[PDB]
Amino acid sequence: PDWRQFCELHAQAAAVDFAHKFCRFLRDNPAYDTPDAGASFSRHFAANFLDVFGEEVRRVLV
Amino acid sequence: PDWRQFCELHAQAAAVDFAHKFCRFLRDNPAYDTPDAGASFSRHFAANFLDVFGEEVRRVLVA
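Scope of this entry: the structure provided in the associated data block. (Residues numbered from 1 in each chain as written, not as in the entry; some residues may be left out. Chains lettered and ligands numbered in written order. Heavy atoms only, no water.)

Take the overall build of chain A next. When its secondary structure is counted, chain A shows two helices and zero strands. For 62 residues, the compact-globule formula gives about 11 Å, and the C-alpha radius of gyration of chain A, at 15 Å, lies well above that figure. Its C-alpha atoms give chain A principal-axis dimensions of about 45 × 25 × 20 Å. Buried positions account for 37% of the 62 residues belonging to chain A. Carbon and sulfur atoms form 51% of the exposed surface of chain A, whose accessible area is close to 3900 Å². On chain A, the mean spot of the 7 positive side-chain charges and the mean spot of the 9 negative ones are 2 Å from each other. (Helix = DSSP H or I, 4+ residues; strand = E, 2+ residues; numbered from the N terminus. Rg over C-alpha atoms; globule rule 2.2 N^0.38 Å. Buried < 20%, exposed > 50% of the residue type's maximum accessible area, 1.4 Å probe, protein only. Areas by Shrake-Rupley, 256 points an atom, 1.4 Å probe, with all protein chains shown as cover. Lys, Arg positive; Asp, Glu negative; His and termini not counted. Charge placed at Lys NZ, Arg CZ, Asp CG, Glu CD.)

The following block contains the structure:
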């Protein structure tokens, strides 16, 4: 089934939707609208995403 | 509005949703459920998400 494609397609849809919410957030809160905002979010994302993923997976059991 | 919480809540939302799809994918394709799966899938999703994120943000700002 191509597990990579699976990951990529769901990641694409999630990232696209978020990118819109992101731009919406920066327009409503211009104080956060800097050139490194995306980089900051990305750091929070990598960390939090992998941790929550691991906990949700082990929790889905039942 | 707290920046940390904004980022954390969206990151969490994304992880919870994909964890569900991941589990559902491994149920329909058990051959893929191995001790390496969790790390492989989550990391590949996370890398692609970030790449796509940057691209859509730019596309949206220019438009």
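The partner chain A presents 38 residues to the 39 residues of chain B that form the contact. Both faces considered, chain B and chain A share a buried interface measuring about 3900 Å² in area, 85% of it formed by carbon and sulfur atoms. Run the count over chain B and chain A and you get zero salt bridges. In this structure, the connection of chain B to chain A is made through five residue pairs in polar contact. (Contact = heavy atoms within 4.5 Å. Buried area = accessible area lost by both parts, 1.4 Å probe. Salt bridge = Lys/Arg side-chain N within 4 Å of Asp/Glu carboxyl O. Polar contact = N/O pair within 3.5 Å; in protein donor to acceptor, adjacent residues only side chain to side chain.)

Turning our attention to the side chain of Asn48(B). Checked against the element boundaries, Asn48(B) lands in helix α2 (residues 37-62). With a relative accessible area of 19%, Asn48(B) lands in the buried category.

Residue and element names in this part refer to chain A. One pass over the structure, following the stated rule, counts three salt bridges over all chains. Across the pair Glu56 and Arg59 runs a salt bridge whose closest N-O atoms are separated by 3.7 Å. Of this pair, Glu56 and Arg59 both sit in helix α2 (residues 37-59), three residues apart, which is roughly one turn of that helix.

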